[PDB]
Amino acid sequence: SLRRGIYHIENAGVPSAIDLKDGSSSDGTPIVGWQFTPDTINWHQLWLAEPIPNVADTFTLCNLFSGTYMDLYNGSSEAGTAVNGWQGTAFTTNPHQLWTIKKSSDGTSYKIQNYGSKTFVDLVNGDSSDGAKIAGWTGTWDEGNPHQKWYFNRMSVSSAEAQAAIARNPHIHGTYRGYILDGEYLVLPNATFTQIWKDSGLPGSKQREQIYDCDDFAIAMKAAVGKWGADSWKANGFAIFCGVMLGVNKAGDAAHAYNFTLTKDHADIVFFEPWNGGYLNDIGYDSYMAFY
């Protein structure tokens, strides 16, 4: 089954993503095909998939920016029926907003079936245009039709995935303890991570003994990413990935506080130095504590 998480949903036939037009929270805002930039935040094109209990392979899809739900208009089974953003809730019984999401016949892309209508999310005519209609359409689970096939490009990690990435890092002290704060995290491109750092005001902060030293920089950077999360997204039920670590050098006579993020493939952590905005595979310390 598709994991709970945040997805960038990309048509299998043409490089168009599922896009809530202008990110509007208005009821009945069109959901359309739109081009995208890899290794960015695609602000209108992120979807939180929430599994429904006691309904196999069935989800709500909440737009991360608008906090509104992918909705088949009046649940109609007519081919060409509008797919829109609409107000709802994560565990609604409204079948207009319930979507069965299972692998296509190519074993990699998915099809997205409305739970009520049993019709499929369809990029009409495979139109690659920006603002191309997406509709509910007749189809089958097994057919090759790329209009109705969608890559779910996973943008989030579970706490368990983050814990795995840390555990397979070689720069962890024997005495390490990790403290998990949330359940599901949006992984930032370094470009975005860096922009939050710049916007924090840390780049202009002076290192001062105890009163604003490494621990103040690291905790300030985490607070700044936390604030950016709440201020940026209207959806709930996830966090933004930004770690704090305390580390000790090899000689065991110097400690340091710093941040860490995750690679694009979600497999490994990268250390961030909030003094100078550097990314390092080796920051010259072994982490004895992390919270994230």
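One-based numbering along the sequence shown.
Taking only CA atoms, the mean B-factor in the PDB entry is higher for 87-95 than for the other of 87-95 and 142-150. If you average the C-alpha B-factors over 212-220 and over 170-178, the higher value belongs to 170-178. Looking at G247, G229, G33, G28, the one whose CA carries the top B-factor in the deposited record is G247. Which of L202, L186, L72, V124 has the largest Cα B-factor in the deposited entry comes down to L202. Among the modelled residues of its chain, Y288 has a C-alpha B-factor that falls in the middle third, as given in the PDB entry. The entry lists a Cα temperature factor for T60 that places it in the middle third of the chain's modelled residues. Residue-level temperature factors show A254 in the highest third of its chain, judged at the C-alpha atom. Per-chain ranking of the deposited C-alpha B factor places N281 in the highest third. Placement of the Cα temperature factor of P53 within the chain: highest third of the modelled residues, per the deposited record.
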